[PDB]
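Engineer: Before anything else, here's the structure in question.
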Amino acid sequence: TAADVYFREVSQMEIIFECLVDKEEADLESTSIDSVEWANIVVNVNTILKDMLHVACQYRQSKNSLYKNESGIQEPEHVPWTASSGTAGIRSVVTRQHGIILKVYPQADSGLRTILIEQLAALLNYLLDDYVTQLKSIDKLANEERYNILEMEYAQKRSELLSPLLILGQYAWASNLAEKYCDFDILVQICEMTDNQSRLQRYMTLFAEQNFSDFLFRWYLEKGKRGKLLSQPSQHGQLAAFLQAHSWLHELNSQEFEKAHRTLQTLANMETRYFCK
Amino acid sequence: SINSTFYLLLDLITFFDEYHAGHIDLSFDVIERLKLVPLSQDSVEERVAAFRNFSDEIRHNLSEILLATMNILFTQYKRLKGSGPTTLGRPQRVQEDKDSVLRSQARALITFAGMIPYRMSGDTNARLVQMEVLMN
Amino acid sequence: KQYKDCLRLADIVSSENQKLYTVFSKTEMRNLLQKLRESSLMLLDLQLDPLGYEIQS
Amino acid sequence: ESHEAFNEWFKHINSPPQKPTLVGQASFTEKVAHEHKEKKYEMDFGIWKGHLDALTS
Numbered sequence: 670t671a672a673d674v675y676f677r678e679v680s681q682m683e684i685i686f687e688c689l690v691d692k693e694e695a696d697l698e699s700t701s702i703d704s705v706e707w708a709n710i711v712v713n714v715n716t717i718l719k720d721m722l723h724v725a726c727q728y729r730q731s732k733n734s735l736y737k738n739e740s741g742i743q744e745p746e747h748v749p750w751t752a753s754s755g756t757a758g759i760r761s762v763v764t765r766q767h768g769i770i771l772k773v774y775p776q777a778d779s780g781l782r783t784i785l786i787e788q789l790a791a792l793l794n795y796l797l798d799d800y801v802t803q804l805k806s807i808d809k810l811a812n813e814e815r816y817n818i819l820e821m822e823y824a825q826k827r828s829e830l831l832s833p834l835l836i837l838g839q840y841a842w843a844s845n846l847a848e849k850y851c852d853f854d855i856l857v858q859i860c861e862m863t864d865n866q867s868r869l870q871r872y873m874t875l876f877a878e879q880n881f882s883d884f885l886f887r888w889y890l891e892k893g894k895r896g897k898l899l900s901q902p904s905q906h907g908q909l910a911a912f913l914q915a916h920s921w922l923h924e925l926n927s928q929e930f931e932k933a934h935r936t937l938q939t940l941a942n943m944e945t946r947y948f949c950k
Numbered sequence: 685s686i687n688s689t690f691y692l693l694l695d696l697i698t699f700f701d702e703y704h705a706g707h708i709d710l711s712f713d714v715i716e717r718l719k720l721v722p723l724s725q726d727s728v729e730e731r732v733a734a735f736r737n738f739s740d741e742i743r744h745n746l747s748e749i750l751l752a753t754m755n756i757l758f759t760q761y762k763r764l765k766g767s768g769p770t771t772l773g774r775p776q777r778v779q780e781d782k783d784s785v786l787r788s789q790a791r792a793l794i795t796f797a798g799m800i801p802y803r804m805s806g807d808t809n810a811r812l813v814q815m816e817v818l819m820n
Numbered sequence: 860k861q862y863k864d865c866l867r868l869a870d871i872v873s874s875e876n877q878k879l880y881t882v883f884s885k886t887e888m889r890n891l892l893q894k895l896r897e898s899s900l901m902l903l904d905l906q907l908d909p910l911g912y913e914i915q916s
Numbered sequence: 746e747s748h749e750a751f752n753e754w755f756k757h758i759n760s761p762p763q764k765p766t767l768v769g770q771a772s773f774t775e776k777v778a779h780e781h782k783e784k785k786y787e788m789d790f791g792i793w794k795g796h797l798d799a800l801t802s
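Chains as they are written, first to last, in the deposited numbering: chain A, 670 to 902, 904 to 916, 920 to 950; chain B, 685 to 820; chain C, 860 to 916; chain D, 746 to 802.
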């Protein structure tokens with residue numbers, strides 16, 4: 670119907686081509702496994718809103734500043750800088766993205782390859798949202814920090830809501846999501862713990878500064894949650911969980930007899946309730 | 685029947701010769717080949733069923749076979765523990781795996797000795813359990 | 860699965876009435892402490908303390 | 746007496762009742778025979794466990 674004025678305001682044609690995927694969705698008749706063609710039209714919109722966010726990102730790699738993203742300038746463009754669009758996190762543009770994620774309701778009833786392409790797609794979109802929050806947080810100055818630390822909790826409770834959503838999804842994408850908001854450890858670390866891949870939690874601590882002082886303090890906070898012997902299923907691995915804990922019972926188990934003696938005596942001294950004990 | 689019993693008694697004489705000579709690894713290879721006793725928990729029921737088909741001449745020797753086999757396992761376990769850490773180069777995981785295997789073999793022999801419909805001497809059962817307690 | 864009574868063997872072996880600690884070799888005493896540690900780990904798997912008392916929450 | 750009691754206990758602990766296994770294409774008569782074998786096993790296991798606890802004491 671026109672476009673020159675809907676380009677200065679194209680942001681509005683994304684919050685409404687979502688409300689027209691939902692009123693198309695009301696007539697999608699996707700009650701269970703019957704509907705197919707109608708779960709293909711919800712994906713065709715997901716692809717276009719996605720590659721539109723891909724285009725805003727690569728046009729922020731084609732910078733002109735010789736300080737802001739030197740790559741793409743007089744310096745090698747073989748390594749792009751942060752794939753963020755440096756978007757400021759719009760409260761209607763972000764809401765339509767957290768709306769179309771919760772159209773993860775289709776992956777409940779859908780053929781196996783289709784549920785992966787929309788999952789790689791919703792991963793591709795969320796890795797632009799977490800990138801624009803990261804770029805905006807980086808720009809904050811030291812004073813007014815109270816507003817900066819409250820915006821951090823807001824992004825951290827959304828990387829934490831993008832994670833339960835991908836706790837049912839494929840964890841082959843968790844390695845990528847964890848690197849995309851390049852920390853977000855509490856997801857990847859619980860993915861490495863639900864599986865049999867402590868080759869992954871070793872690979873996670875291998876490529877991380879002071880992973881040792883973190884993994885022990887992450888074990889102790891996760892007392893009875895992660896690092897158990899008994900949650901994992904045969905040999906050395908079961909023994910390792912006991913070792914991680916930093920009482921006299923796990924001390925006898927770890928072969929720390931001198932330590933067990935000190936705590937056993939300390940308990941004996943505080944004991945007043947029962948003579949036999 | 686008679687012929688199988690005869691060659692099995694000859695192979696058992698070779699087992700006890702290697703055992704009494706102190707050739708612990710050769711005596712272990714012989715008893716593993718003879719399949720008279722279970723060397724895994726999963727083989728216990730199969731060997732208890734097979735025991736019913738042995739002749740009385742073999743059944744009478746079973747107490748000594750179990751004691752000799754348990755002494756072999758206990759001595760291999762002592763060799764594994766007495767090999768102090770001074771060989772810089774054997775991976776510590778391979779040692780823990782071998783300890784776990786010898787304890788599993790020792791448990792299979794006791795489970796077997798308890799399931800057989802043959803009254804072993806009380807001293808035999810006490811020595812088998814004592815050797816396992818010294819391996820735990 | 861009487862793991863609490865396994866740990867009471869330490870009190871019996873250390874008792875001055877029978878002086879049982881004098882008849883154990885250094886190797887047997889180490890093996891006893893290892894076996895007691897194994898029973899103490901099984902108490903922790905039962906959500907009890909290392910001595911078989913209820914963990915006061 | 747302690748060694749005899751231990752040997753009786755050690756014989757009994759190593760002879761647990763066998764849990765009935767259902768073969769994957771059992772006839773209607775074989776399923777009813779399995780339920781009768783399973784009820785028999787629970788009874789035989791209860792008796793075996795009661796005897797084990799007495800021998801343990």
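Backbone N, C-alpha and C define an ideal beta-carbon position, used for all residues, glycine too.
#1: Of all the CB atoms in chain C, is at least one closer than 8 Å to the CB of residue 755 of chain B?
#2: In three-state DSSP terms, what is residue 820 of chain A?
#3: If you compare alpha carbons, which of B:744, B:788 and B:783 is closest to residue 760 of chain B?
#4: Rounded to whole angstroms, what's the CA-CA distance from residue 675 of chain A to residue 869 of chain A? Just pull it up for me.
#5: Flag this pair as yes or no: are the beta carbons of residue 710 of chain A and residue 693 of chain A separated by less than 8 Å?
#6: Which chain E residues sit within Cβ distance under 8 Å of residue 912 of chain C?
#7: Is the stretch 808 to 817 of chain B touching the stretch 752 to 760 of chain D, taking contact as three or more C-beta pairs under 8 Å?
#8: Any idea what DSSP makes of residue 913 of chain C, helix, strand or coil?
#9: Whose C-beta lies closer than 8 Å to the C-beta of residue 806 of chain A among residues of the same chain, with five residues either side of it excluded?
#10: Where does the unbroken alpha helix (DSSP H) through residue 938 of chain A begin, and where does it stop?
#11: Go ahead and label residue 769 of chain A buried or exposed: buried means 16 or more other beta carbons lie within 10 angstroms of its beta carbon, across all protein chains shown.
#12: Label residue 923 of chain A either buried or exposed according to how many other C-beta atoms from any shown protein chain fall within 10 Å of its C-beta, with 16 as the threshold for buried.
#13: What does residue 923 of chain A touch in chain C if you count any residue whose Cβ is under 9 Å from its own?
#14: Is the stretch 785 to 794 of chain B touching the stretch 750 to 757 of chain B, taking contact as three or more C-beta pairs under 8 Å?
#15: Can a CB atom of chain B be found closer than 8 Å to the CB of residue 905 of chain A?
#16: Just the Cα atoms here: how many angstroms apart are residue 763 of chain D and residue 900 of chain A?
#17: Could you tell me the distance, in whole angstroms, from the CA atom of residue 712 of chain B to the CA atom of residue 737 of chain B?
#18: Who are the neighbours of residue 776 of chain D on chain B, taking C-beta pairs under 9 Å?
#19: From which residue to which residue does the alpha helix (DSSP H) around residue 842 of chain A run?
#20: DSSP on residue 867 of chain A, reduced to helix/strand/coil?
#21: So is residue 756 of chain D in contact with chain B if we call contact Cβ pairs under 8 Å?
#22: Please determine, among A:931, A:891, A:930 and A:932, the residue with the shortest C-alpha to C-alpha distance to residue 914 of chain A.
#23: Tell me whether residue 938 of chain C sits in a helix, a strand or coil according to DSSP, three-state version.
#24: For residue 895 of chain C, go through chain A and note every residue whose CB falls closer than 8 Å to its CB, in chain order.
#25: How big is the Cα-Cα spacing for residue 783 of chain D and residue 708 of chain B?
#26: Ends of the alpha helix (DSSP H) at residue 687 of chain A?
#27: Check the Cβ-Cβ distances between residue 820 of chain B and every residue of chain D, and say whether any is below 8 Å.
#28: Rounded to a whole number of angstroms, what is the C-alpha to C-alpha distance between residue 695 of chain A and residue 689 of chain A?
#29: Taking the C-alpha atoms as reference points, what is the distance between residue 780 of chain A and residue 830 of chain A?
#30: Please list the residues of the stretch 763 to 781 of chain B that have a C-beta atom closer than 8 Å to any C-beta atom in chain A, keeping them in chain order.
#31: Looking at C-beta atoms only, is the number of pairs between the stretch 844 to 860 of chain A and the stretch 792 to 806 of chain A that lie closer than 8 Å three or more?
#32: Taking 8 Å as the threshold, find out whether the stretch 766 to 779 of chain D comes into contact with the stretch 888 to 901 of chain C through three or more Cβ pairs.
#33: Using three-state DSSP, classify residue 832 of chain A as helix, strand or coil.
#34: Is there a C-beta anywhere in chain D that falls below 8 Å from the one on residue 686 of chain B?
#35: Residues in its own chain within less than 6 Å of residue 901 of chain C by CB, not counting five upstream and five downstream?
#36: Going by DSSP in three states, residue 924 of chain A sits in which element: helix, strand or coil?
Structural biologist: Short version:
#1: Not an interface residue.
#2: helix
#3: B:783
#4: 47 Å
#5: Yes, the Cβ-Cβ distance between residue 710 of chain A and residue 693 of chain A is below 8 Å.
#6: The structure shown has no chain E; the protein chains it does contain are A, B, C and D.
#7: yes
#8: strand
#9: Only 817, 820, 821 and 824 meet the Cβ criterion.
#10: 930 to 943
#11: buried
#12: buried
#13: 899, 900, 903 and 909
#14: yes
#15: yes
#16: 29 Å
#17: 23 Å
#18: Simply none; closest approach about 24 Å.
#19: Neither: residue 842 of chain A is in no alpha helix (DSSP H) and is coded neither H nor E.
#20: In the structure shown, residue 867 of chain A sits in a helix (DSSP, three-state: H, G or I).
#21: Yes, its Cβ sits closer than 8 Å to a Cβ of chain B.
#22: Of A:931, A:891, A:930 and A:932, the residue nearest in Cα terms is A:891.
#23: The requested residue 938 of chain C is not part of the displayed model; chain C covers only 860 to 916.
#24: 925
#25: 45 Å
#26: 681 to 695
#27: False, the Cβ-Cβ gap to chain D never drops below 8 Å.
#28: 10 Å
#29: 25 Å
#30: Flagged, chain order: 777, 780 and 781.
#31: yes
#32: no
#33: helix
#34: no
#35: In the same chain as residue 901 of chain C, and ignoring 5 residues on each side of it, the C-beta atoms closer than 6 Å to its own belong to 862, in chain order.
#36: helix
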